[PDB]
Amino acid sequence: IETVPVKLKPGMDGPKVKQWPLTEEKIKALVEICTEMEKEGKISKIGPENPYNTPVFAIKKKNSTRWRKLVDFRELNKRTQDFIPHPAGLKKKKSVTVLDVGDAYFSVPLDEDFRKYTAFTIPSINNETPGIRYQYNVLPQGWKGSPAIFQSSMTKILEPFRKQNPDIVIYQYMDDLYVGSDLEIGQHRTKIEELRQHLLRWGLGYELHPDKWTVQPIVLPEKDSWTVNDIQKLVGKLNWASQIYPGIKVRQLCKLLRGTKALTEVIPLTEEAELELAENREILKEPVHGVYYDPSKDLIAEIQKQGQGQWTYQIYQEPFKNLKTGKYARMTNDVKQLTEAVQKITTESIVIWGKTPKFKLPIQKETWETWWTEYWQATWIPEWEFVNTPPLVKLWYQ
């Protein structure tokens, strides 16, 4: 049909990302998948004159013996020109469902001159074979340009439904489609199933409950008798929280700490100390006022391993100015748990601010890079960096 012209950001050039090694099973899947795609004119093999590259992966569908190709267009997207805002109401909805409409992009062809940039490669085992090279002919799944270009086509397909069911909220993000409503689950699932048929009419799983999302506040130990050690930790924890909630006072507590007392010694709290603690709890009872989301700022996410399958994350833009804080329990091994945690958070950031957060993961790169795909099921890949969690921060959460 008509290939809308798309370019890179001024001066910028196509991506040249190295393909992370892959298990045979993964490769065979990507071989199978890409093959049928080549037959269908969706992708074509490329020659050595295409020096560009983007990593590809093979993940597993949610409850289905099928693999889904996952191209990591992150770098490309960051180099692609700029081009639906965000239903604030969505985060209030009782039930939201996510659908993978990525397949729609395959009906629209990508601007011939841009195609070379979507060059990806199926890696070979032990560098024995040159490797299979391909480039997209149509709008590629995962590319930021795809949703934008398919926006017009999409909107047209969305109004016989939107205006026929104004009670439904449909938000698109990359290859996903967030459909929220307040119909009791029985009805909700039906409306979803119906939208699917409605979509099939034009040739085109995960279910959330945002209304139930709550922010995990900073807590303090409530105990019978307080020991010197407990008081030390109480003070230390407060001293940290005082930077966010400056109304926190430690004075009276530190007084109880006067003298090199035995760590295990029980120290009765003076009324002034009891009350000071009482106040500190009240202050901590709610998130610091003034935390306002800024669209022009990156959404940062930090996670901490609490052990036994428990995890704590905080979404903020400016340090300590957390837009959200949440907890996570196993639903497994650290990596799996992590990947699930990451995905969950991302999904939330999307529903909330309509953007993906940048993660700071408590794990080694080689470890993550090796196993993350083994548990990943999302259609997008959030940005991530690896760090070393300071023992103090952990003790200050949960």
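One rule holds for the numbers: they count along the sequence shown, beginning at 1.
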For the stretch from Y292 to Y293, please bin the deposited residues that the model skips: none, 1 to 3, 4 to 9, or 10 or more. none
Looking at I192 and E193, the deposited sequence has unmodelled residues in between totalling none
Given the B-factors recorded for C-alpha atoms, which segment has the greater mean, 211-219 or 104-112? 211-219
On mean C-alpha B-factor from the PDB entry, just flag whether 370-378 or 14-22 is the higher one. 370-378
Among the candidates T227, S242, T270, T97, give the one with the maximum CA B-factor reported in the record. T270
Which is it among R79, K144, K305, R251: the one with the largest CA B-factor in the entry? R251
Lowest, middle or highest third: where is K355 by C-alpha B factor in its chain? middle
Assert third(CA B-factor, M331) within chain per record equals highest
Split the chain's modelled residues into thirds by Cα B-factor; is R66 in the lowest, middle or highest one? highest
Considering every modelled residue of the chain and its Cα B-factor in the PDB entry, is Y117 in the lowest, middle or highest third? lowest
Per the entry's values, where does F83 land by CA temperature factor relative to the rest of its chain, in the lowest, middle or highest third? highest
